[PDB]
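Student: Starting off with a structure, shown below.
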């Protein structure tokens with residue numbers, strides 16, 4: 001169970017590569 | 001404490017559906 | 001310690017109200 | 001497992017400094 005919690009944290013820390021998206025959104029804004 | 005931690009992790013992985021706003025922001029930028 | 005972990009999850013789930021910011025960023029884009 | 005979980009939570013609360021991109025996105029939008 002403690003392992004499963006660790007796994008879910010690793011998936012969130014996966015999910016937060018959001019910060020890919022934000023870099024791309026920033027680039028689009030510089031151009032437009 | 002373990003059950004409450006598991007509950008919070010699932011709610012965070014809820015909160016990250018952020019991916020609503022970001023999808024809309026990306027669409028708006030494609031169109032501009 | 002398990003309590004401290006729960007506390008940090010609650011702070012992150014604080015931090016993610018990011019999704020305030022994203023709603024505001026979306027609104028600015030609709031206007032510009 | 002407890003130490004590794006604590007390590008991941010601090011790294012996530014690192015990853016959320018996202019608040020780089022979002023600050024820049026907000027500034028760009030104010031100027032447009």
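Throughout, read-outs are computed from the coordinates displayed, never taken from laboratory work. Here the Cβ is made from the backbone with ideal geometry for all residues, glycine too, and neighbour counts use every protein chain on show.
Student: How many residues does the range A:1-22 hold that are farther than 24 Å from residue C:2 by Cα and surrounded by 13 or more Cβ atoms within 10 Å (Cβ to Cβ)?
Tutor: Of the residues in the range A:1-22, 4 are farther than 24 Å from residue C:2 by Cα and surrounded by 13 or more Cβ atoms within 10 Å (Cβ to Cβ).
Student: What pairs come up if the first residue lies in the range B:14-29 and is facing chain C (nearest Cβ under 10 Å) and in contact (Cβ under 8 Å) with a residue 12 or more places away in the chain, the second is surrounded by 15 or more Cβ atoms within 10 Å (Cβ to Cβ) and assigned to a helix (DSSP H, G or I), and their beta carbons are under 7 Å apart, counting only those six or more places apart or on different chains?
Tutor: Nothing qualifies.
Student: Here's another thing I want to ask about it. Those residues that are in contact with a helix residue (DSSP H, G or I) (Cβ under 8 Å, 6 or more places away or on another chain) and not in a helix (DSSP H, G or I), I need them from the range D:1-31; list them, please.
Tutor: D:1, D:16, D:18 - these are the residues of the range D:1-31 that are in contact with a helix residue (DSSP H, G or I) (Cβ under 8 Å, 6 or more places away or on another chain) and not in a helix (DSSP H, G or I).
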